[PDB]
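Below: one structure, written as structure tokens.
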Amino acid sequence: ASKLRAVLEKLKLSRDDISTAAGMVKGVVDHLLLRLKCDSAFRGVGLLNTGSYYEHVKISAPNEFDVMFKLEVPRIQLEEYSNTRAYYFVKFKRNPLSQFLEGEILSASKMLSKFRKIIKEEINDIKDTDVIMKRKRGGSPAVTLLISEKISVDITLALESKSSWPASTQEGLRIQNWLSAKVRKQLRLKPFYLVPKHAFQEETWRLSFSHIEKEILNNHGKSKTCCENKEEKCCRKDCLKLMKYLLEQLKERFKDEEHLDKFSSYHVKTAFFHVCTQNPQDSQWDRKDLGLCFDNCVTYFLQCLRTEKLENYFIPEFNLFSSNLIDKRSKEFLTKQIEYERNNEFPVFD
Ligand SMILES: O=c1oc2cc(O)c(O)cc2c2cc(O)c(O)cc12
Ligand SMILES: [Zn+2]
């Protein structure tokens with residue numbers, strides 16, 4: 001459809017002017033890292049080795065950045081919480097970060113408090129940089145920095161574990177018929193991350209594989225040279241852009257009906273990875289079949305909404321569409337709206 005290409009062109013024109021705000025983001029992040037190194041608890045803090053200071057959770061908000069700070073720690077031991085498959089208490093192999101211990105458990109609350117305090121005091125020194133209260137997110141992102149009242153950056157703290165991935169990830173990352181089993185082995189040799197998120201609960205941590213997700217998106221083809229020359233231009237990243245934008249537009253349209261609050265771009269990204277697994281051939285993502293491919297993604301996301309099943313791509317026992325996480329009527333609301341847009345040629349794209 002031409003409307004899809006027009007939407008993509010709008011998104012690219014919106015993206016070209018960032019190369020100036022990205023420098024500001026890099027400066028502020030570098031400053032806060034050099035500050036956090038001075039603390040006795042955060043000596044090994046840094047940015048995820050993702051080749052970018054930042055990511056973008058929202059494609060329709062080029063002003064909202066998302067950075068993640070990793071903290072290399074002594075050998076970590078993990079305990080599962082209530083068979084959640086994703087949430088864990090952290091212990092230390094043996095006796096630095098000792099100040100944040102609450103018994104045998106590493107306190108997420110205490111560490112986040114010191115993190116935020118260090119932020120507040122080091123941002124009072126900067127210029128046009130205000131800290132705001134976004135603790136309604138359940139510890140992650142930890143902070144939400146504000147520059148010139150037009151730049152918003154969410155900062156999430158993450159613990160790096162160079163151990164083997166937890167057992168819940170054993171049947172995840174099913175990229176064997178798509179990106180090969182060698183690549184899956186290589187990726188699972190990389191470390192994993194733990195972010196402070198609660199379940200009621202007040203001291204749990206959740207698994208994070210944003211680096212692996214970024215690696216997959218930027219190396220997404222069966223052919224190693226996908227999207228490296230003009231003869232192999234597939235439309236996977238364009239379909240993902242279309243899915244993110246559809247969700248963002250629907251969430252902005254119905255921001256006053258609290259039925260689309262708990263949906264995020266992580267859901268469409270998870271579904272999209274599953275569709276990639278289902279459609280492993282690059283020929284199934286020809287740049288000429290953009291409409292058909294996007295329609296495959298939309299219909300698969302609808303299937304996940306109706307059946308209330310959206311497995312985490314790395315932890316398949318974690319149902320992101322769990323009745324414990326999102327109510328059935330909210331899923332049904334999103335299903336109706338997506339069916340409406342699909343039956344009416346997506347009026348949100350006009
Ligand atoms: O790493 C993320 O993991 C998740 C896991 C979940 O189960 C979930 O429901 C949401 C997320 C999620 C949502 C975001 O907006 C984001 O920027 C990152 C993540
Ligand atoms: Zn490609």
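Please note that chains go A, B, ... in the order of the structure tokens, that every chain numbers its residues from 1, and that ligands are numbered from 1 in the order shown.
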Surrounding residues as a VMD selection string, ligand 2, max 6 Å, only C-alpha atoms and all ligand atoms: chain A and resid 221 226 to 227 233 to 234
Residue set, range 53-169 of chain A restricted to strand (DSSP E), as JSON, numbers by chain: {"A": [64, 65, 66, 67, 68, 69, 70, 71, 72, 76, 77, 78, 79, 80, 87, 88, 89, 90, 91, 92, 101, 102, 105, 106, 129, 130, 131, 143, 144, 145, 146, 147, 151, 152, 153, 154, 155, 156, 157, 158, 159, 160, 161]}
Nearby residues, ligand 1, 6 Å, only C-alpha atoms and all ligand atoms, as an mmCIF file with C-alpha atoms, in the first residue's frame:
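The result, written out as result08.cif:
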data_model
loop_
_atom_site.group_PDB
_atom_site.id
_atom_site.type_symbol
_atom_site.label_atom_id
_atom_site.label_comp_id
_atom_site.auth_asym_id
_atom_site.auth_seq_id
_atom_site.Cartn_x
_atom_site.Cartn_y
_atom_site.Cartn_z
ATOM 1 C CA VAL A 57 10.737 2.622 22.652
ATOM 2 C CA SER A 208 16.539 -8.571 30.043
ATOM 3 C CA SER A 264 3.918 -1.466 24.834
ATOM 4 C CA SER A 265 6.246 -1.788 21.876
ATOM 5 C CA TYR A 266 7.842 -4.777 23.592
ATOM 6 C CA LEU A 320 3.035 -11.491 28.416
#
For range 44-94 of chain A versus range 113-124 of chain A, which residues have an atom no more than 12 Å away, and what is each residue's nearest atom pair and distance in Å rounded to one decimal, using only C-alpha atoms, chain-then-number order, as CSV?
residue,atom,partner,partner_atom,distance
A:45,CA,A:115,CA,11.1
A:69,CA,A:115,CA,10.9
A:71,CA,A:115,CA,11.8
Between CA of residue 196 in chain A and CA of residue 23 in chain A - distance in Å to one decimal: 28.0 Å
Length of the CA of residue 193 in chain A to CA of residue 209 in chain A vector [Å]: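 Straight-line distance from CA of residue 193 in chain A to CA of residue 209 in chain A works out to 6.5 Å.
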Which residues come within 6 Å of residue 151 in chain A, counting only C-alpha atoms, excluding same-chain residues fewer than 2 positions away, as a compact mmCIF listing (two decimals) with N, CA and C atoms, in the first residue's frame?
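Resulting contents of out31.txt:
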# COMPACT_ATOMS: atom_id res chain seq x y z
N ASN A 63 11.60 12.47 20.53
CA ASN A 63 12.10 13.25 21.65
C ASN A 63 12.26 12.45 22.94
N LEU A 146 14.96 15.18 32.07
CA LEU A 146 14.28 16.14 31.21
C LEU A 146 15.22 17.30 30.87
N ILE A 147 15.47 17.53 29.58
CA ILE A 147 16.34 18.60 29.09
C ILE A 147 15.57 19.54 28.17
Sel. of alpha helix (DSSP H) residues, range 26-250 of chain A, as a VMD selection string: chain A and resid 26 to 38 108 to 123 181 to 188 210 to 218 236 to 250
Residue with smallest distance to residue 48 in chain A - pool A:138, A:191, A:96, A:166, counting only C-alpha atoms: A:191
Selected residue of minimal separation from residue 341 in chain A among A:231, A:299, A:82, A:255, counting only C-alpha atoms: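 Looking only at the distances to residue 341 in chain A, the closest residue turns out to be A:299.
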Which residue of A:249, A:170, A:303, A:99 approaches residue 85 in chain A most closely, using only C-alpha atoms: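 For residue 85 in chain A, the nearest of the given residues is A:170.
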Residues within 7 Å of range 197-205 of chain A, only C-alpha atoms, excluding chain neighbours under 5 positions, as a PyMOL selection string: chain A and resi 87-89+107-109+138-140
